[PDB]
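Taking it in order: structure first as structure tokens, then the write-up.
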Amino acid sequence: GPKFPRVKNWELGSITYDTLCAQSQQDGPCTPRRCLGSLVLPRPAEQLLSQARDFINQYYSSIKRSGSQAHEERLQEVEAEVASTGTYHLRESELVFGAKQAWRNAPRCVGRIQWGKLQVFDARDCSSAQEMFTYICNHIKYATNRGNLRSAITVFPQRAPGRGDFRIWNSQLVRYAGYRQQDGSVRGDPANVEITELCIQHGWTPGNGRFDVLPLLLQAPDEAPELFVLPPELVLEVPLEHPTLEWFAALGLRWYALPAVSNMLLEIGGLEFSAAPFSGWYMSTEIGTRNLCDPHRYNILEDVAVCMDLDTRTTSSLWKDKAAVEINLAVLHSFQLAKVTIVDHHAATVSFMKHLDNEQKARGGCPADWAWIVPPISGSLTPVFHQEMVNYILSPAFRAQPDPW
Amino acid sequence: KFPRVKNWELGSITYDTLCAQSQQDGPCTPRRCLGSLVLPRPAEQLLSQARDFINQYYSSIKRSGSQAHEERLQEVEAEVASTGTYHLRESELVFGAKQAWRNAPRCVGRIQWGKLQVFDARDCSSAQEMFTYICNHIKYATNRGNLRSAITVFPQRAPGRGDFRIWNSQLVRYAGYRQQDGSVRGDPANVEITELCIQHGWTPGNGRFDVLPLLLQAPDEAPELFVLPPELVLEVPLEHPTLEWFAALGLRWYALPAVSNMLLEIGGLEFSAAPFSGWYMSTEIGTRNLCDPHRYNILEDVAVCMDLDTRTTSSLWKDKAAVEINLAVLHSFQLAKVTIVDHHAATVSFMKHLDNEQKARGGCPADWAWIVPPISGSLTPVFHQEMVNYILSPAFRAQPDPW
Ligand code: HEM
Ligand code: HEM
Ligand SMILES: Cc1cc(N)nc(COC[C@H]2C[C@H](OCc3cc(C)cc(N)n3)CN2)c1
Ligand SMILES: Cc1cc(N)nc(COC[C@H]2C[C@H](OCc3cc(C)cc(N)n3)CN2)c1
Ligand SMILES: C[C@H](O)[C@H](O)[C@H]1CNc2nc(N)[nH]c(=O)c2N1
Ligand SMILES: C[C@H](O)[C@H](O)[C@H]1CNc2nc(N)[nH]c(=O)c2N1
Ligand SMILES: [Zn+2]
């Protein structure tokens, strides 16, 4: 048949061919000799212009004015700007399209059915660390919306020739402190040990809890990062209880409402937005499975299993599986009681299948990273497990970038 | 470039250098990864695969460069030059089969790769004889519940003629009967092979767990039908340690997972019929075979029996029922003294395998999507372990169905 990858769903027996992958401009890490799909992060005058031309072409196609006079004029105007300055600038509506397209292009995101519904805050006028804070607080207030969460991104000024970057040092806008103890263990979230210690080196007075919300370390160009404490009333958290296990509330577990990634680079048309935090709402497994049960995170499985009186001395009791399921259930139940938006892993994966069909019809495929899209409990119980996926890099894109220190 | 391979739970890092030994391309390119696809789409080359394989063998027995090694290379050269093909000595076959298992990227059970009973059935000239060898394989491997890994190797592919083939995908398979009203009674995965048995003379049953006969095919002949003696096929009724109603569901599964439709390639030679078996990991039965929607699909029935709220996904009724079903399988196999490994023990053993292999060969090819179990992924260590996938030979391969 077609010379595009054939893609099969083994639950349903249905077949598609991905033609979209033909548009990839950027090589991933695989070769015919070996596949590196399971690695988390495997290792410009005329180069900018070709990325910019491509992006402008994407824009004009999206508004159905390809080949138009307005399209040709924008193209000239971009090359003139690069010509005289080395860079160029997006129109507002271009930025909005490019931000959404970056989300839509993100292979690791199961929540892409929502991609067209993204509030884009333009913060390209921002000129200080103090102003970044205001923009960030506004983002948090808008996005949180007292529990009825709204997807959003806030875009700060782009990288510029020989000027320092805007950066948010924290990986997320909300992070619990991780305090290294004398014995070598950690109180709080071990994922955050390094940022915690950077906050302390930069003048923060540390708490001693398991859920101390961290301050933000915000860096305006060519300045030391400045420290900003989020007013507590802005940071919506959800205490965790279980619907029938009454003792679960006594564990004092909690999580925050708003998942807002702040350390990734938004690339659009070769332009690099080094600070562009974005937020959605949580899939319940992120909290109840990874953040709470990973051995290298809060690691609470054994404690919960012991409370549930399970036999923790043997694997074949499936004590881990039982406790994990109850932890996820408590996450879902508590978020529901508190009226804070959340999506379980069944509803989310079902919606992603719908997204796949939509994208097949709209673009001829959808880049997806199977290992990231399949949830970390109950995998084959979700429809995405049975769905082959093709993974490739399209731009606009969100990318990892090196830590600023 | 040698990939840096990180474990994200422990922060430990290795470099896979074994991948340089791959002489066989997989489906990925720098423009797109196809690692999630289940099956993506001359004398001088036989000689090079043959020399390489003989070189692997003499090196395995340390005698790399000896008289015996050099003479054996010439035998292989002489035979290919004269006939376009060659034959393996039994010791070479035994080594090659083990190595194919070892190299199988999708197998989580490879800590066991060195314990493999290898039956040479290359002196087989008929479907009848294949059946005798298969019965002996089942008897050995089953061993009254104390299961033992095994492979039986029937005669290789030859340019002149049809292949020896076992038509069935496994040696034990439950019938799947389609109903004019669309539904399937039994195992929907075996509708086709069920229908093929009927068409070749089998009197069907009408249960949910009717064990199929084998269709065995000798070269250029119609396949023949052979009913396995019920006494040879060990099965485990499923009950649950606390939920009494669960036994009333009538569920069971067989003890012996024996794959019979894959080709075994050693030194360029191809073995189209080479059934191989180990023991089950509980999630293969409890999660996939019983809970897949296109398999026995029993999740709902179990949830109702547990009185769960089936109206909404957010009660996690599915997750809760799947767990009890896996528990029942583990409990039932244990009660019956039939070998089984749960998915926590299995993946822990695989992590140990990765480490042994790192020391021994500088790597291990592994397919993360297959290694990570279908429930409780991130609760197992392998979820957090990066993996490099690539094709080494000797290898097991998929091959076209013979009809
Ligand atoms: C609206 C609800 C949303 C849900 C339920 C959702 C769900 C998810 C989940 C479960 C992941 C994997 C996270 C992990 O394991 O750490 C993820 C990754 C991601 N999503 Fe979303 N998403 C949502 C909205 C968004 C939005 C608004 C953006 C960007 C504008 C976005 C971009 C991403 C990116 C870039 C990743 C990859 C992160 C990385 O590589 O570390 N998603 N999404
Ligand atoms: C001794 C205990 C064994 C265990 C627990 C085990 C476990 C597994 C599991 C869980 C899978 C994934 C199966 C699936 O999802 O359908 C698998 C695949 C496989 N194993 Fe094993 N294995 C064992 C022995 C063997 C032996 C003896 C061989 C060969 C001699 C072997 C070769 C394979 C191959 C080739 C596959 C891939 C099959 C395919 O592509 O569909 N394994 N193993
Ligand atoms: C927007 C959004 C919604 C939602 N429900 N969940 C998220 C979670 O994304 C969090 C992001 C930050 C960590 O990144 C780890 C990481 C490390 C490295 C080296 C690369 C990479 N891409 N990702 C895990 N995923 C984000
Ligand atoms: C030896 C062994 C031990 C154990 N515990 N489990 C097994 C399970 O193997 C069953 C085998 C047959 C199915 O084949 C599906 C399949 C289809 C296709 C087109 C290709 C392919 N490689 N695999 C999946 N795995 C085998
Ligand atoms: C090694 C492996 O790639 C790594 O643990 C991945 C697997 N899948 C994942 N999937 C999601 N959604 N998030 C993750 O952090 C990971 N971790
Ligand atoms: C599409 C996807 O690759 C397919 O569902 C795979 C996923 N992982 C698997 N893993 C195992 N062990 N066995 C399988 O059959 C599958 N199926
Ligand atoms: Zn790949």
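Order determines the names: the first chain of the structure tokens is A, the second B, and so forth; residues in each chain are numbered 1 upward, and ligands are numbered 1 upward as they are shown.
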
Throw together the list of residues within 10 Å of ligand 6, counting only C-alpha atoms and all ligand atoms, and drop it here as a PyMOL selection string.
(chain A and resi 7-11+370-371+374+379-380+383-389) or (chain B and resi 34-39+106-108+281+283-284+288-289+367-374)

May I have a table of the residues of chain B lying at most 8 Å from ligand 4, giving each one's closest pair of atoms and their distance in Å to one decimal, counting only C-alpha atoms and all ligand atoms, ordered by chain and ascending residue number, as a tab-separated table?
residue	atom	partner	partner_atom_place_in_ligand_line	distance
B:38	CA	ligand 4	20 (C)	5.7
B:39	CA	ligand 4	20 (C)	5.2
B:107	CA	ligand 4	3 (C)	7.8
B:109	CA	ligand 4	5 (N)	7.4
B:149	CA	ligand 4	1 (C)	8.0
B:169	CA	ligand 4	12 (C)	6.6
B:170	CA	ligand 4	12 (C)	7.3
B:257	CA	ligand 4	2 (C)	5.2
B:258	CA	ligand 4	1 (C)	5.6
B:259	CA	ligand 4	26 (C)	5.8
B:262	CA	ligand 4	22 (N)	7.9
B:276	CA	ligand 4	1 (C)	5.8
B:277	CA	ligand 4	1 (C)	4.2
B:278	CA	ligand 4	1 (C)	4.7
B:279	CA	ligand 4	5 (N)	4.9
B:280	CA	ligand 4	5 (N)	3.6
B:281	CA	ligand 4	5 (N)	5.2
B:284	CA	ligand 4	6 (N)	7.0
B:397	CA	ligand 4	22 (N)	6.8
B:398	CA	ligand 4	22 (N)	5.3

Let me see the file: selected residues, N, CA, C and O atoms, as an mmCIF file, in the first residue's frame.
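Below you can see out-v1.cif, which holds the result:
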data_model
loop_
_atom_site.group_PDB
_atom_site.id
_atom_site.type_symbol
_atom_site.label_atom_id
_atom_site.label_comp_id
_atom_site.auth_asym_id
_atom_site.auth_seq_id
_atom_site.Cartn_x
_atom_site.Cartn_y
_atom_site.Cartn_z
ATOM 1 N N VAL B 38 3.721 -3.556 16.522
ATOM 2 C CA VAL B 38 3.866 -4.953 16.897
ATOM 3 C C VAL B 38 4.633 -5.723 15.836
ATOM 4 O O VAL B 38 5.478 -6.528 16.145
ATOM 5 N N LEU B 39 4.296 -5.502 14.576
ATOM 6 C CA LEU B 39 5.044 -6.107 13.481
ATOM 7 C C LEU B 39 5.184 -5.106 12.361
ATOM 8 O O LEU B 39 4.330 -5.035 11.478
ATOM 9 N N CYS B 107 11.149 -10.386 25.708
ATOM 10 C CA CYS B 107 10.991 -11.402 26.781
ATOM 11 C C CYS B 107 11.487 -10.907 28.138
ATOM 12 O O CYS B 107 12.654 -10.675 28.302
ATOM 13 N N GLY B 109 11.467 -12.812 30.733
ATOM 14 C CA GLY B 109 11.916 -13.997 31.472
ATOM 15 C C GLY B 109 13.319 -14.450 31.171
ATOM 16 O O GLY B 109 13.697 -15.580 31.483
ATOM 17 N N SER B 149 11.505 -25.031 31.020
ATOM 18 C CA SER B 149 11.655 -24.407 29.705
ATOM 19 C C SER B 149 12.122 -25.370 28.632
ATOM 20 O O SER B 149 13.009 -26.178 28.879
ATOM 21 N N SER B 169 -1.025 -20.981 16.724
ATOM 22 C CA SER B 169 -0.083 -20.012 17.293
ATOM 23 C C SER B 169 0.554 -20.516 18.606
ATOM 24 O O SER B 169 1.677 -20.202 18.917
ATOM 25 N N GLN B 170 -0.174 -21.307 19.370
ATOM 26 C CA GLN B 170 0.400 -21.989 20.523
ATOM 27 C C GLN B 170 -0.039 -23.448 20.513
ATOM 28 O O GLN B 170 -1.024 -23.809 19.849
ATOM 29 N N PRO B 257 2.608 -22.132 28.445
ATOM 30 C CA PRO B 257 2.638 -21.222 27.332
ATOM 31 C C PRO B 257 3.700 -21.687 26.336
ATOM 32 O O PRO B 257 4.881 -21.555 26.598
ATOM 33 N N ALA B 258 3.261 -22.194 25.189
ATOM 34 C CA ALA B 258 4.135 -22.808 24.190
ATOM 35 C C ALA B 258 3.820 -22.199 22.848
ATOM 36 O O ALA B 258 2.773 -22.512 22.247
ATOM 37 N N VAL B 259 4.707 -21.307 22.398
ATOM 38 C CA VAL B 259 4.524 -20.610 21.127
ATOM 39 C C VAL B 259 5.024 -21.487 19.964
ATOM 40 O O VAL B 259 6.148 -22.033 20.046
ATOM 41 N N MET B 262 6.444 -19.110 15.409
ATOM 42 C CA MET B 262 7.601 -18.223 15.146
ATOM 43 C C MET B 262 8.736 -18.985 14.509
ATOM 44 O O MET B 262 8.919 -20.166 14.704
ATOM 45 N N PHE B 276 8.420 -23.384 21.323
ATOM 46 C CA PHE B 276 9.168 -23.141 22.537
ATOM 47 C C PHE B 276 8.240 -22.778 23.676
ATOM 48 O O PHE B 276 7.170 -22.193 23.469
ATOM 49 N N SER B 277 8.635 -23.146 24.891
ATOM 50 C CA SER B 277 7.767 -22.929 26.057
ATOM 51 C C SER B 277 8.534 -22.595 27.332
ATOM 52 O O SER B 277 9.635 -23.063 27.541
ATOM 53 N N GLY B 278 7.912 -21.797 28.198
ATOM 54 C CA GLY B 278 8.384 -21.602 29.563
ATOM 55 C C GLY B 278 7.256 -21.790 30.563
ATOM 56 O O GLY B 278 6.579 -22.816 30.588
ATOM 57 N N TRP B 279 7.076 -20.780 31.409
ATOM 58 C CA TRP B 279 5.947 -20.710 32.290
ATOM 59 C C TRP B 279 5.382 -19.288 32.220
ATOM 60 O O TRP B 279 6.051 -18.377 31.783
ATOM 61 N N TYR B 280 4.149 -19.130 32.690
ATOM 62 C CA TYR B 280 3.407 -17.902 32.533
ATOM 63 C C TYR B 280 3.827 -16.882 33.564
ATOM 64 O O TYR B 280 4.249 -17.232 34.658
ATOM 65 N N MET B 281 3.719 -15.617 33.194
ATOM 66 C CA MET B 281 3.722 -14.528 34.177
ATOM 67 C C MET B 281 2.215 -14.227 34.380
ATOM 68 O O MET B 281 1.447 -14.197 33.450
ATOM 69 N N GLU B 284 -0.180 -12.116 32.052
ATOM 70 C CA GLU B 284 -0.513 -12.596 30.714
ATOM 71 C C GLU B 284 -1.916 -13.187 30.722
ATOM 72 O O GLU B 284 -2.681 -12.899 29.822
ATOM 73 N N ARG B 397 11.613 -14.847 15.124
ATOM 74 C CA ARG B 397 10.940 -13.916 14.225
ATOM 75 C C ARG B 397 9.527 -14.371 14.006
ATOM 76 O O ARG B 397 9.228 -15.571 14.039
ATOM 77 N N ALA B 398 8.685 -13.404 13.700
ATOM 78 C CA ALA B 398 7.368 -13.672 13.173
ATOM 79 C C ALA B 398 7.549 -14.124 11.725
ATOM 80 O O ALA B 398 8.581 -13.832 11.088
#

Residues of stretch 121-355 of chain A in strand (DSSP E) according to DSSP, as a PyMOL selection string?
chain A and resi 121-122+152-155+167-168+178-180+186-188+216-219+226-228+237-239+254-256+260-261+265-268+271-273+278-279+282-283+342-343

Measure the distance from atom CA of residue B:382 to atom 29 (C, counted along the ligand's line) of ligand 1 in Å and round it to one decimal.
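These atoms are spaced 28.0 Å apart.
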
Residues within 9 Å of residue B:33, only C-alpha atoms, excluding chain neighbours under 6 positions, as a list in words
residues 28, 29, 30, 31, 35, 36, 37, 369, 389, 390, 391 and 392 of chain A; 27 of chain B

I want to know what sits within 12 Å of stretch 309-312 of chain B, based on only C-alpha atoms, with residues of the same chain fewer than 4 positions away left out; could you give that as a PDB file with C-alpha atoms, in the first residue's frame?
ATOM      1  CA  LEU A 332     -10.006  11.252  42.374  1.00  0.00           C
ATOM      2  CA  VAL A 343      -9.472  13.496  34.884  1.00  0.00           C
ATOM      3  CA  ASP A 344      -9.103   9.775  35.577  1.00  0.00           C
ATOM      4  CA  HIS A 346      -9.817   5.945  31.611  1.00  0.00           C
ATOM      5  CA  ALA A 347     -11.596   9.147  30.600  1.00  0.00           C
TER       6      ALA A 347
ATOM      7  CA  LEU B 299     -13.866  -7.275  33.686  1.00  0.00           C
ATOM      8  CA  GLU B 300     -17.470  -6.132  33.764  1.00  0.00           C
ATOM      9  CA  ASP B 301     -18.830  -9.489  34.977  1.00  0.00           C
ATOM     10  CA  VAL B 302     -16.300  -9.502  37.824  1.00  0.00           C
ATOM     11  CA  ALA B 303     -17.072  -5.902  38.798  1.00  0.00           C
ATOM     12  CA  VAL B 304     -20.748  -6.658  39.027  1.00  0.00           C
ATOM     13  CA  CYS B 305     -19.943  -9.701  41.158  1.00  0.00           C
ATOM     14  CA  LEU B 316     -11.839   2.639  39.183  1.00  0.00           C
ATOM     15  CA  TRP B 317     -14.032  -0.420  39.018  1.00  0.00           C
ATOM     16  CA  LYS B 318     -11.964  -1.670  36.161  1.00  0.00           C
ATOM     17  CA  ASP B 319      -8.680  -1.353  38.049  1.00  0.00           C
ATOM     18  CA  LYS B 320     -10.137  -2.964  41.132  1.00  0.00           C
ATOM     19  CA  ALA B 321     -11.569  -5.953  39.258  1.00  0.00           C
TER      20      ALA B 321
END

Give me, as number ranges by chain, the residues of stretch 197-317 of chain A that a backbone DSSP run labels helix (DSSP H, G or I).
A: 197-201, 232-234, 246-251, 284-293, 301-307, 315-317
